[PDB]
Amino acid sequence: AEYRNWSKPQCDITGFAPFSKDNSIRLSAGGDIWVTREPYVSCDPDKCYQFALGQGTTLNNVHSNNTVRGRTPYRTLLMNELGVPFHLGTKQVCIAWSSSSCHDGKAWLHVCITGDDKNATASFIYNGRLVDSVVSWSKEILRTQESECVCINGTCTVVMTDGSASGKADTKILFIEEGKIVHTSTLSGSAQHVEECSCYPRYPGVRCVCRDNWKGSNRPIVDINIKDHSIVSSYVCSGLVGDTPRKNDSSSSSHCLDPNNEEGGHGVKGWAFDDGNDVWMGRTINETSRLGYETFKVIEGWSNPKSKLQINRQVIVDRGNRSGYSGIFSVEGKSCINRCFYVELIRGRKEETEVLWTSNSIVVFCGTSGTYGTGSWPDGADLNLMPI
């Protein structure tokens, strides 16, 4: 085994082809399936895994009540091969209400945060042993990506925040060799509020498209130099913006350097990536709530903050159906690195009151240089007909 360098060009991408879907909530109506949220996909050199933070209970279970709450001591990082639903034989790989995982080509890293809000612990697990931990620095919800970290040459980088979800916070970027923290750099550049980063390799470094939970409906971008540990940061230029909430396409604007200040409060984890001066991105279809999901390419969207020229829209989940988090993951091919993404399909509370629980299922798409058509792959469960 050798380390992953990801030293290959990014695949041509004309859009995205259907890759996976686990019908988890549908299955949980006549089967024992975990209650989860904040899923993500990451792959080893051979195959892909679906990860999620479980709520320490199955769906049909009295303990599914109040799973709307996102940090308890019962939450663990669940790990299956992609498309194996989270049944009872699933491995809980660490204790976590916030995580990130990646494979460096030799083994798995998990970064798992659990504990008190004001005094959380991050565990660093490499090759199924605990190799390090770090305490919260700002004593206010230590939290990380909820999607894959990125390793190059045996150095994994990951992005962590501690501090306000509505004001300056302390974002750091950790550099990990075999589960050992070898460096911590602090967020630098003009990105003002960075959460829940979707990172992807972009040799020779990593790039991340995050959530601005404070004053932005544009998403931040963090670049990480893996060799000198330097950081830079800014925002996705595209005039069509990628956060929810946001302003409609006719009213919306952006900036390459600052939060656009447009319905900036709150957000949702999402992703984007560059393709020369254009940008690929997904977002909820509905501007104010997490309904629907679509991807498109904004032409000049990476370098021109006035560009509102999209093409190649695909509906992934139609606007009448629920979405949630999304994130990127990268997959090595023969000649090129491909880009894929998952969409968390959230069902239950608070939005939907006919059940007492909150959970999700997922749908995953991947980049293609070929052709594709259309459709919509929502969750599909009838909550009117699920357990009392």
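All residue numbers are counted from 1 along the displayed sequence.
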item	value
Residue range whose averaged C-alpha B-factor is higher in the record, 60-68 or 359-367	60-68
Average Cα temperature factor in the PDB entry - higher stretch of 135-143, 251-259	251-259
Given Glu196, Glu300, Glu81, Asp104, the residue at which the Cα B factor reaches its maximum	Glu300
Member of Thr76, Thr295, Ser188, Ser123 with the greatest C-alpha B factor (per the PDB record)	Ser188
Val41 CA temperature factor, ranked by third within the chain	lowest
Third assignment of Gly276 from its chain's C-alpha B-factors	highest
Third of the chain, ranked by Cα B-factor, where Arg246 sits	highest
Chain third (lowest, middle, highest) by recorded CA B-factor, residue given as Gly239	highest
Ranked C-alpha temperature factor of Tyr203 among modelled chain residues, by third	middle
